[PDB]
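K.L.:
This one is coords.cif, mmCIF, C-alpha atoms.
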data_entry
loop_
_atom_site.label_atom_id
_atom_site.label_comp_id
_atom_site.auth_asym_id
_atom_site.auth_seq_id
_atom_site.Cartn_x
_atom_site.Cartn_y
_atom_site.Cartn_z
CA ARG A 1414 109.17 130.35 90.15
CA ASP A 1415 110.72 132.16 87.20
CA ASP A 1416 113.87 134.08 88.07
CA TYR A 1417 113.10 137.80 88.19
CA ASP A 1418 116.72 138.81 87.59
CA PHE A 1419 116.92 136.55 84.54
CA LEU A 1420 113.61 137.95 83.26
CA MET A 1421 114.88 141.51 83.70
CA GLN A 1422 118.25 140.85 82.03
CA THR A 1423 117.07 138.60 79.18
CA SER A 1424 116.16 139.60 75.63
CA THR A 1425 114.30 136.38 74.73
CA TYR A 1426 110.65 136.69 73.69
CA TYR A 1427 107.90 134.13 73.19
CA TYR A 1428 104.54 133.67 71.54
CA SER A 1429 102.57 130.48 70.97
CA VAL A 1430 99.84 129.32 68.60
CA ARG A 1431 97.02 126.88 69.40
CA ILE A 1432 95.91 124.95 66.33
CA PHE A 1433 92.31 124.14 67.17
CA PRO A 1434 91.00 120.56 67.07
CA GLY A 1435 89.70 119.53 63.67
CA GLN A 1436 92.07 121.92 61.89
CA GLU A 1437 94.51 119.87 59.85
CA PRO A 1438 97.99 120.69 61.23
CA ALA A 1439 99.99 119.95 58.06
CA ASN A 1440 98.07 122.83 56.46
CA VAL A 1441 99.21 125.23 59.21
CA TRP A 1442 102.64 126.88 59.46
CA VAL A 1443 103.87 128.88 62.46
CA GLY A 1444 106.93 131.08 62.68
CA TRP A 1445 108.29 134.51 61.76
CA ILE A 1446 108.42 136.55 58.56
CA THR A 1447 110.21 139.76 57.60
CA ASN B 2702 58.90 100.34 52.82
CA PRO B 2703 62.43 99.97 54.26
CA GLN B 2704 64.82 97.26 53.08
CA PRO B 2705 68.19 98.26 54.58
CA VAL B 2706 71.44 96.75 53.34
CA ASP B 2707 72.18 93.15 54.29
CA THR B 2708 75.43 92.60 56.18
CA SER B 2709 75.16 88.95 57.28
CA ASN B 2710 77.47 87.71 54.52
CA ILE B 2711 79.80 90.68 55.03
CA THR B 2712 82.76 90.11 57.35
CA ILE B 2713 85.15 92.54 59.03
CA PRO B 2714 88.93 92.60 58.54
CA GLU B 2715 91.25 92.08 61.49
CA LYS B 2716 92.77 95.53 60.93
CA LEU B 2717 89.60 97.31 62.09
CA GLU B 2718 89.72 95.67 65.52
CA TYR B 2719 92.23 98.39 66.42
CA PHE B 2720 89.58 100.88 65.26
CA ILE B 2721 87.01 99.19 67.52
CA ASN B 2722 89.62 99.76 70.21
CA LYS B 2723 89.67 103.28 71.71
CA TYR B 2724 86.28 103.94 70.11
CA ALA B 2725 84.35 101.62 72.37
CA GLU B 2726 86.48 103.44 74.96
CA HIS B 2727 85.33 106.86 73.70
CA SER B 2728 81.70 105.70 73.71
CA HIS B 2729 82.02 104.54 77.32
CA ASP B 2730 83.67 107.89 78.05
CA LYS B 2731 80.79 110.00 76.70
CA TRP B 2732 78.25 107.73 78.40
CA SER B 2733 80.04 108.27 81.70
CA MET B 2734 80.17 112.00 80.90
CA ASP B 2735 76.47 112.65 80.45
CA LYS B 2736 75.44 110.27 83.22
CA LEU B 2737 77.81 111.85 85.76
CA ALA B 2738 76.40 115.18 84.62
CA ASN B 2739 73.06 113.69 85.66
CA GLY B 2740 74.81 112.74 88.92
CA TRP B 2741 75.59 109.03 88.47
CA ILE B 2742 78.27 107.90 90.95
CA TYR B 2743 80.55 104.85 90.91
CA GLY B 2744 78.64 102.66 93.34
CA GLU B 2745 78.73 98.93 92.70
CA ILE B 2746 75.09 98.75 93.81
CA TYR B 2747 72.68 99.90 91.09
CA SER B 2748 70.15 102.52 92.21
CA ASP B 2749 68.58 105.18 89.99
CA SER B 2750 67.57 107.66 92.69
CA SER B 2751 70.81 107.19 94.63
CA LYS B 2752 72.75 107.50 91.34
CA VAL B 2753 75.15 104.64 92.05
CA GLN B 2754 76.28 102.74 88.94
CA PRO B 2755 78.81 99.88 88.76
CA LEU B 2756 79.67 100.59 85.10
CA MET B 2757 81.91 103.68 85.30
CA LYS B 2758 84.87 101.39 85.79
CA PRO B 2759 87.09 102.05 82.76
CA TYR B 2760 86.64 100.14 79.53
CA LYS B 2761 89.56 97.94 80.61
CA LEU B 2762 87.89 97.02 83.91
CA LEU B 2763 84.57 96.30 82.19
CA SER B 2764 83.72 92.65 81.56
CA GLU B 2765 83.55 91.29 78.01
CA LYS B 2766 79.76 90.97 77.96
CA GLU B 2767 79.53 94.65 78.87
CA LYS B 2768 82.25 95.23 76.29
CA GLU B 2769 79.72 93.68 73.92
CA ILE B 2770 76.59 95.70 72.91
CA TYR B 2771 78.92 98.69 73.17
CA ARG B 2772 80.89 97.54 70.10
CA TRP B 2773 77.77 96.12 68.43
CA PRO B 2774 76.45 99.25 66.63
CA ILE B 2775 80.01 100.05 65.54
CA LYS B 2776 80.35 96.50 64.20
CA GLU B 2777 77.17 96.90 62.15
CA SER B 2778 78.34 100.34 61.00
CA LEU B 2779 81.64 99.01 59.66
CA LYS B 2780 79.94 95.95 58.16
CA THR B 2781 77.49 98.29 56.42
CA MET B 2782 80.13 100.65 55.03
CA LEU B 2783 81.91 97.55 53.75
CA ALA B 2784 78.63 96.33 52.23
CA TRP B 2785 78.54 99.69 50.45
CA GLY B 2786 81.98 98.57 49.21
CA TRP B 2787 83.72 101.66 50.54
CA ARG B 2788 87.46 101.06 50.62
CA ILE B 2789 89.14 101.99 53.92
CA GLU B 2790 92.90 102.60 53.95
CA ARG B 2791 95.06 103.37 56.96
CA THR B 2792 97.95 105.81 56.83
CA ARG B 2793 101.54 105.37 57.98
CA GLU B 2794 101.10 107.57 61.06
CA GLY B 2795 98.27 105.27 62.13
CA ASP B 2796 100.72 102.36 62.23
CA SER B 2797 103.40 104.51 63.87
CA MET B 2798 101.13 105.52 66.76
CA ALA B 2799 100.03 101.90 67.23
CA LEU B 2800 103.69 100.87 67.52
CA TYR B 2801 104.26 103.88 69.79
CA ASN B 2802 101.53 102.71 72.20
CA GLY B 2820 89.18 105.36 90.63
CA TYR B 2821 88.26 106.25 87.04
CA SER B 2822 89.40 109.31 85.11
CA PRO B 2823 86.81 110.17 82.43
CA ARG B 2824 88.30 112.37 79.69
CA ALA B 2825 86.26 113.13 76.58
CA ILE B 2826 87.61 113.69 73.09
CA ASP B 2827 85.88 116.63 71.40
CA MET B 2828 85.53 116.04 67.65
CA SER B 2829 82.94 118.71 66.86
CA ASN B 2830 85.34 121.07 65.08
CA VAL B 2831 86.35 118.28 62.69
CA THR B 2832 84.85 119.03 59.28
CA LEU B 2833 84.14 116.59 56.46
CA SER B 2834 84.25 117.39 52.75
CA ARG B 2835 81.22 117.76 50.48
CA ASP B 2836 81.38 114.20 49.16
CA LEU B 2837 82.22 113.00 52.68
CA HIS B 2838 79.03 114.72 53.85
CA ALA B 2839 77.17 112.87 51.10
CA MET B 2840 78.49 109.54 52.39
CA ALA B 2841 77.59 110.58 55.94
CA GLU B 2842 74.04 111.26 54.72
CA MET B 2843 73.96 107.83 53.08
CA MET B 2844 75.04 106.39 56.44
CA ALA B 2845 72.26 108.29 58.18
CA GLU B 2846 69.56 107.30 55.70
CA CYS C 2991 83.37 129.10 22.27
CA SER C 2992 82.29 127.46 25.55
CA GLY C 2993 81.29 124.38 23.58
CA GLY C 2994 78.21 122.75 22.17
CA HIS C 2995 79.32 121.41 18.80
CA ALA C 2996 77.30 118.71 17.11
CA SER C 2997 79.47 115.96 15.69
CA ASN C 2998 79.71 115.49 11.95
CA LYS C 2999 77.86 112.17 12.40
CA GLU C 3000 75.05 114.02 14.17
CA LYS C 3001 74.97 116.29 11.16
CA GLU C 3002 74.72 113.77 8.32
CA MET C 3003 72.08 111.84 10.20
CA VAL C 3004 70.14 115.07 10.76
CA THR C 3005 70.31 115.50 7.00
CA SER C 3006 69.01 111.93 6.76
CA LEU C 3007 66.05 113.02 8.90
CA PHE C 3008 65.58 115.79 6.31
CA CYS C 3009 65.63 113.23 3.49
CA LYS C 3010 63.06 110.88 5.04
CA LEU C 3011 60.77 113.74 6.05
CA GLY C 3012 60.89 114.99 2.47
CA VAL C 3013 60.04 111.49 1.28
CA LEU C 3014 57.04 111.39 3.63
CA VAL C 3015 55.81 114.86 2.67
CA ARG C 3016 56.01 114.13 -1.08
CA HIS C 3017 52.39 113.86 -2.24
CA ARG C 3018 50.83 112.81 1.08
CA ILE C 3019 49.39 116.05 2.51
CA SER C 3020 45.84 114.82 1.90
CA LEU C 3021 46.55 111.60 3.81
CA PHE C 3022 48.08 113.59 6.66
CA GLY C 3023 45.33 114.80 8.98
CA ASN C 3024 45.74 118.54 8.21
CA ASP C 3025 49.19 118.55 9.90
CA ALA C 3026 50.88 119.21 6.54
CA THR C 3027 51.66 122.69 7.86
CA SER C 3028 53.40 120.99 10.79
CA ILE C 3029 55.53 118.96 8.37
CA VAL C 3030 56.31 122.20 6.52
CA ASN C 3031 57.53 123.80 9.75
CA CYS C 3032 59.55 120.67 10.57
CA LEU C 3033 61.36 120.61 7.23
CA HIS C 3034 61.80 124.39 7.59
CA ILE C 3035 63.70 124.05 10.87
CA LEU C 3036 65.64 121.17 9.31
CA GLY C 3037 66.37 123.37 6.31
CA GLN C 3038 67.98 125.91 8.61
CA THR C 3039 69.82 123.21 10.58
CA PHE D 2895 86.68 109.31 64.48
CA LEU D 2896 87.70 107.25 61.45
CA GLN D 2897 89.28 110.31 59.83
CA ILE D 2898 91.11 111.50 62.96
CA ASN D 2899 92.35 107.94 63.49
CA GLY D 2900 93.67 108.19 59.93
CA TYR D 2901 91.64 105.59 58.06
CA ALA D 2902 90.80 106.71 54.52
CA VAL D 2903 87.22 106.07 53.40
CA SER D 2904 86.82 106.06 49.63
CA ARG D 2905 84.62 104.72 46.85
CA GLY D 2906 84.44 101.00 46.18
CA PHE D 2907 86.24 101.60 42.88
CA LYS D 2908 86.88 104.19 40.19
CA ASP D 2909 85.40 104.37 36.70
CA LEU D 2910 86.17 101.16 34.81
CA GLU D 2911 85.83 102.62 31.31
CA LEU D 2912 85.58 106.15 29.92
CA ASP D 2913 83.28 106.19 26.88
CA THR D 2914 84.01 109.85 26.08
CA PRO D 2915 85.14 109.27 22.44
CA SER D 2916 81.84 107.50 21.74
CA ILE D 2917 79.43 109.59 19.71
CA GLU D 2918 76.90 106.90 20.68
CA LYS D 2919 77.33 107.97 24.31
CA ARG D 2920 75.75 111.35 23.49
CA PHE D 2921 72.13 112.07 24.33
CA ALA D 2922 71.74 113.65 20.89
CA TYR D 2923 73.03 110.65 18.94
CA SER D 2924 70.73 108.16 20.67
CA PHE D 2925 67.77 110.56 20.42
CA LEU D 2926 68.33 111.15 16.72
CA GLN D 2927 68.75 107.39 16.23
CA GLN D 2928 65.38 107.00 17.85
CA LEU D 2929 63.99 109.53 15.39
CA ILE D 2930 65.49 107.58 12.53
CA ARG D 2931 63.63 104.58 13.91
CA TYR D 2932 60.22 106.25 14.39
CA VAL D 2933 60.47 108.21 11.11
CA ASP D 2934 61.27 105.05 9.15
CA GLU D 2935 58.43 103.28 10.98
CA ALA D 2936 56.14 106.20 10.08
CA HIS D 2937 57.26 105.88 6.46
CA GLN D 2938 56.22 102.25 6.38
CA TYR D 2939 52.90 102.82 8.21
CA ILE D 2940 52.24 105.50 5.59
CA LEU D 2941 53.05 102.96 2.87
CA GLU D 2942 50.60 100.51 4.46
CA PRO E 1496 103.26 111.73 68.70
CA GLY E 1497 100.90 112.81 65.92
CA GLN E 1498 97.13 112.79 65.50
CA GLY E 1499 94.59 114.94 67.34
CA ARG E 1500 94.72 115.40 71.11
CA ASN E 1501 92.04 117.42 72.90
CA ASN E 1502 93.68 117.58 76.33
CA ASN E 1503 95.26 120.64 74.73
CA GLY E 1504 95.41 121.91 71.17
CA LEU E 1505 98.57 121.50 69.13
CA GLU E 1506 100.75 124.19 70.67
CA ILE E 1507 103.80 125.29 68.71
CA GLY E 1508 105.68 127.94 70.65
CA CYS E 1509 108.10 130.34 68.99
CA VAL E 1510 111.15 131.55 70.94
CA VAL E 1511 113.24 134.44 69.62
CA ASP E 1512 116.54 135.59 71.13
CA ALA E 1513 116.91 139.27 70.23
CA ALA E 1514 120.56 139.28 71.39
CA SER E 1515 121.69 136.20 69.43
CA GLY E 1516 119.17 135.91 66.59
CA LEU E 1517 118.39 132.26 67.38
CA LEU E 1518 114.87 131.18 66.41
CA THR E 1519 113.84 128.01 68.26
CA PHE E 1520 110.44 126.31 68.23
CA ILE E 1521 108.77 124.29 71.00
CA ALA E 1522 105.90 121.94 70.13
CA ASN E 1523 103.92 120.46 73.04
CA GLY E 1524 106.74 121.07 75.51
CA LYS E 1525 109.56 119.50 73.47
CA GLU E 1526 112.01 121.53 71.39
CA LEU E 1527 111.82 120.94 67.65
CA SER E 1528 114.99 120.26 65.67
CA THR E 1529 114.37 123.18 63.30
CA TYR E 1530 116.23 126.34 64.28
CA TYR E 1531 116.99 129.59 62.45
CA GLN E 1532 119.84 132.06 62.91
CA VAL E 1533 119.08 135.56 61.63
CA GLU E 1534 121.14 138.69 60.95
CA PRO E 1535 121.55 141.57 63.40
CA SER E 1536 118.86 144.29 63.35
CA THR E 1537 116.38 141.93 61.65
CA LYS E 1538 112.72 142.83 62.17
CA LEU E 1539 110.64 139.66 62.54
CA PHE E 1540 106.84 139.67 62.36
CA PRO E 1541 104.96 136.83 64.09
CA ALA E 1542 103.18 135.00 61.29
CA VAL E 1543 100.90 132.00 60.80
CA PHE E 1544 100.07 130.51 57.40
CA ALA E 1545 97.05 128.22 57.51
CA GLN E 1546 94.48 126.67 55.18
CA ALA E 1547 91.04 126.55 56.78
CA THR E 1548 89.73 123.02 57.37
CA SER E 1549 87.41 124.04 60.24
CA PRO E 1550 85.49 127.13 61.39
CA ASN E 1551 88.11 127.50 64.13
CA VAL E 1552 91.58 127.51 62.57
CA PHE E 1553 94.17 128.77 65.04
CA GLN E 1554 94.78 131.21 67.88
CA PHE E 1555 97.62 133.59 68.71
CA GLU E 1556 98.54 133.13 72.37
CA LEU E 1557 100.60 136.03 73.72
CA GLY E 1558 101.62 134.28 76.95
CA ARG E 1559 105.02 133.47 78.36
CA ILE E 1560 106.94 130.40 79.51
CA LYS E 1561 109.62 129.85 82.15
CA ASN E 1562 112.52 132.34 81.92
CA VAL E 1563 111.22 133.76 78.59
CA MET E 1564 109.81 137.26 78.26
CA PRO E 1565 106.36 137.93 76.71
CA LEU E 1566 105.92 139.24 73.19
CA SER E 1567 104.61 142.62 74.39
CA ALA E 1568 107.85 143.27 76.31
CA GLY E 1569 109.71 143.21 72.99
CA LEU E 1570 107.03 144.76 70.79
CA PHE E 1571 106.48 147.80 73.01
CA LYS E 1572 109.32 149.81 74.51
CA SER E 1573 107.02 151.08 77.27
CA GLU E 1574 106.44 147.51 78.53
CA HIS E 1575 110.07 146.46 78.10
CA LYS E 1576 110.33 145.58 81.81
CA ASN E 1577 106.84 144.15 82.36
CA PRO E 1578 106.75 140.33 82.59
CA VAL E 1579 102.93 140.29 82.53
CA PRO E 1580 101.70 139.29 79.05
CA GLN E 1581 99.77 142.05 77.29
CA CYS E 1582 97.83 142.56 74.06
CA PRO E 1583 97.54 146.32 73.51
CA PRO E 1584 94.99 147.54 70.95
CA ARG E 1585 97.76 148.51 68.51
CA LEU E 1586 98.59 144.83 68.01
CA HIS E 1587 96.19 143.25 65.54
CA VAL E 1588 96.12 140.44 62.98
CA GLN E 1589 96.97 141.31 59.38
CA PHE E 1590 96.52 139.20 56.27
CA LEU E 1591 97.99 139.20 52.77
CA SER E 1592 95.61 140.65 50.19
#
Can the structure from this file be put into structure tokens for me?
P.N.:
Amino acid sequence: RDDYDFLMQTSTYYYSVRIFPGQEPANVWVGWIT
Amino acid sequence: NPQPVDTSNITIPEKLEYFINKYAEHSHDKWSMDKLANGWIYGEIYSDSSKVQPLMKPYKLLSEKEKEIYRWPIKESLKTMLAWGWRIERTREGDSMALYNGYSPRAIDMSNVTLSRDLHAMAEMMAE
Amino acid sequence: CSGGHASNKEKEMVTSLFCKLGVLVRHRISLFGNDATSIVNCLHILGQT
Amino acid sequence: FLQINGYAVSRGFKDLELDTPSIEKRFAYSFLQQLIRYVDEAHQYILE
Amino acid sequence: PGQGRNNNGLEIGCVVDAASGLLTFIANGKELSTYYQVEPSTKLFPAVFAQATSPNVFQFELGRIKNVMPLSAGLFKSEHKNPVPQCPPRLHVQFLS
């Protein structure tokens, strides 16, 4: 149901990370680096 | 000749009742899992061939006697680890989640959880 | 450099072993059942230590 | 399940006393004491 | 909410606005308070720092959410207008050594 016109005009991008069960989350950082 | 550790004099704290909670639930969950894999269906009448079992009602809908025996091995486990003297301490997030607060069987997969080397040693002492 | 130093106490009491073994070996080789050579080797290793 | 719930299993206690300064705590010191004892005993059997 | 939930793994989603430089993070469907504003023409590499406490540590998911374009549409200029998520062979995980 995502708007095709919005998708075609937007510049916003997405990725996601699944921290697996049993992996301690405070030891995992997610984000961007230069 | 086996003489396992005595736990009759040992007593449990009231804090670990919350630990008994959700873990008797998880045990009932995995029991329902493998038995429904075998084909067991929620029929109040009890028949092996027909695979109708009155016990897949959730842990809440179980009766207290059926709540017993489920918690029993966990009770002896905690009483034993206390007889070993092992101090158990509960973190702040544990209190925060407690304050935060037809049957649908969902199983919690804990296989990928890994224990340390010493923790493995204590697990072996448990097993022995 | 990794380690393995005997303490000074270890060392004077090793020297005390040397003293008593000398006292035993003084004029008793005949009484010793031919192991006088063994006492000689013992005091030898003590002499180096 | 205890760990994921957040309970912290640990030892019953930690070391009450560290005898590291003790020369007596060494294997060598006790073993050479024992030689003092058997060598002095041998001296007095030899006297007898 | 905290703790371990196996209905789905802990899913932090990173949202980047290439036209405004706003870096917003979504964790389990709710937007986190932490946000970053970057300079124009900044090149940002997706990155995950993790200390292994299990044989399975984490997973890069190159999917998309509502009204947000996939990572391939920004990484590759050929797929700039393709909403379908993609993981071309050029993309690969790198580590500091």
K.L.:
Going by the chain IDs and residue numbers used in this file, which residues fall under the PyMOL selection byres ((chain B) within 9 of (chain A))? Write them as a count of residues only.
P.N.:
6
K.L.:
Determine, counting only C-alpha atoms, every residue of protein, DNA or RNA that lies within 10 Å of (108.5, 123.7, 69.6) in the file coordinates, then give the result as a PyMOL selection string.
P.N.:
(chain A and resi 1429+1443) or (chain E and resi 1506-1510+1519-1530)
K.L.:
Starting from the PyMOL selection byres ((chain D) within 12 of (chain C)), expand the selection into actual residues of this file and give them as a PyMOL selection string.
P.N.:
chain D and resi 2915-2942
K.L.:
Name the residues captured by the PyMOL selection byres ((chain A) within 6 of (chain E)) when it is applied to the shown file; answer as an MDAnalysis selection string.
P.N.:
chainID A and resid 1415 1420 1424:1433 1436 1440:1447
K.L.:
Could you state the separation of CA of residue 2905 (chain D) and CA of residue 2782 (chain B) in Å, given to one decimal place?
P.N.:
10.2 Å
K.L.:
Need to verify the contact set: region 2735-2737 of chain B, 12 Å, all atoms listed in the file, exclusion of same-chain residues closer than 6 positions in sequence. Can you return it as a ChimeraX atom specification?
P.N.:
/B:2728-2729,2743-2744,2749,2752-2754,2756-2757,2821-2825
K.L.:
Record the distance separating CA of residue 2795 (chain B) and CA of residue 2898 (chain D), expressed in Å with one decimal.
P.N.:
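So the answer is 9.5 Å.
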K.L.:
Quick one: pull the distance between CA of residue 1496 (chain E) and CA of residue 2798 (chain B), Å, one decimal.
P.N.:
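Result for CA of residue 1496 (chain E) versus CA of residue 2798 (chain B): 6.8 Å, one decimal.
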K.L.:
Set the cut-off to 9 Å and count only C-alpha atoms: what are the residues of chain D that reach chain B? Output as a PyMOL selection string.
P.N.:
chain D and resi 2895-2907
K.L.:
Would you list the contacts of residue 3008 (chain C) as a list in words, taking every protein, DNA or RNA residue within 10 Å and counting all atoms listed in the file, but skipping same-chain residues closer than 5 positions in sequence?
P.N.:
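Listing them by chain and then by number gives residues 3002, 3003, 3013, 3014, 3032, 3033, 3034, 3035, 3036, 3037 and 3039 of chain C.
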K.L.:
Mind working out the centre and edge lengths of an axis-aligned box for region 1428-1434 of chain A, all listed atoms inside, 3 Å added to each side, rounded to one decimal in Å and written as JSON?
P.N.:
{"center_x": 97.8, "center_y": 127.1, "center_z": 68.9, "size_x": 19.5, "size_y": 19.1, "size_z": 11.2}
